[PDB]
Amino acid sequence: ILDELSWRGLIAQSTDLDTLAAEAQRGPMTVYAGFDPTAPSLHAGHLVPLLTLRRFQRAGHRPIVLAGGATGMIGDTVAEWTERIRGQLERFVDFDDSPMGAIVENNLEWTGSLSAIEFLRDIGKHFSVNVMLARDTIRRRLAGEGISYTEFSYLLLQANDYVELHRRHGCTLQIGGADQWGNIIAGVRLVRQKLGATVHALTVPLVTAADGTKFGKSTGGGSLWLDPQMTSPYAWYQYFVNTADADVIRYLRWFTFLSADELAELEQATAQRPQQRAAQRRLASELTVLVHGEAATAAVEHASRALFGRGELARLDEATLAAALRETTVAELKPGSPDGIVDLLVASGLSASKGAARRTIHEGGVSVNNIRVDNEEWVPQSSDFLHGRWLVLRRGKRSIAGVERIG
């Protein structure tokens, strides 16, 4: 288990690895990871922690998801969050009535009834201002935009959480994002002091692409939401299928369960057959199946291939095609007005100039509905529209835009 995470490169930081491995084989651990419940859904940023809990469960350990209700209430519906999220959480970890079964806790269970005086006396006395400050995270925030005394205290609440989870569920490892380290180790120390017991920390890296951009950002720079109504399965698939070649294997070994040999063979694919995207499409299906299931993934794949001349877009059902198209720019054609391939290309944002359109058309690079267009004056026939609503324009084999009929 620590061997798995290690070959995959998933262990950013940790307490003693040998002492931890020792605890692992000893018997089924209870691992936990924290979550802010103010959010209406889990997004792409929760994937590594969540996936890493899944990894621990497979290896036979028990995962706990700790809802940070305390902070949500201080910070700047916590029963509601759970059931809003439970559909998603279940995709990663298993909730059964047995020993390794998953389990959502809420740190309000203890923090909610914690007085200011207990906090300051029984927790705060074990903490040195210097040590707390003595951190690049807080030191950056101190040098940067400043930190409030409340923001500075979170560490203590977070530490207490570990003590309280160890007491209540025999919990002995906390996992988190690489940036959450201080929070976690604080908890290990507190547990040592308040309880005499020895426990562990292990962080996983933040994912950031070779080009420097941060993982899980959408088109508008928002979040990639696990929730289908917020981020469509298509938007979800699309995202991972457009992973750079630089990153695709790393992402695969970090996010999926492919064996090192399977990853060897895909590594070759990216080397020898890069325009074919074997690695991207595999990554895309694995992460889309994970979150949105197989049936939903199947549609998206067909749609995705159809849209790029690799398929049959007549056989895609309106719901699917519509969703697919609404992720690209779409020119909404009405009575009048374009009604011509040249016009449509510029309107849909596929060609900049009407001049540019003409050019690419005469290079054979333009296709409507996967059929090529030679003629500069081409006009859309009535029977061309898919489901009476849609045209699919494409330049080369990579860039597509839509056209929506309107009344």
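Each residue number is its position in the shown sequence, starting from 1.
Count class of deposited residues lacking coordinates, residue 76 to residue 77: Unresolved stretch here: 10 or more residues.
Average Cα temperature factor in the PDB entry - higher stretch of 93-101, 243-251: If you average the C-alpha B-factors of 243-251 and of 93-101, the larger mean comes out for 93-101.
Mean C-alpha temperature factor, higher of 26-34 and 334-342: In the deposited entry, the stretch with the higher C-alpha B-factor mean is 334-342.
Selection from 270, 128, 297, 107 [criterion: highest C-alpha temperature factor in the record]: Among 270, 128, 297, 107, the highest C-alpha B-factor in the entry belongs to 270.
Selection from 282, 292, 121, 315 [criterion: highest C-alpha temperature factor in the record]: That would be 315.
Modelled-residue ranking by C-alpha temperature factor, third containing residue 386: It falls in the top third of the chain.
Lowest, middle or highest third - CA B-factor, residue 136: For residue 136, the deposited C-alpha B-factor lands in the highest third.
Ranked C-alpha temperature factor of residue 358 among modelled chain residues, by third: According to the entry, residue 358 has a C-alpha B-factor in the chain's highest third.
Third of the chain, ranked by Cα B-factor, where residue 367 sits: Answer is middle: the recorded C-alpha B-factor places it there.
Third of the chain, ranked by Cα B-factor, where residue 211 sits: For residue 211, whose C-alpha B-factor we compare with every modelled residue in the chain, the answer is the middle third.
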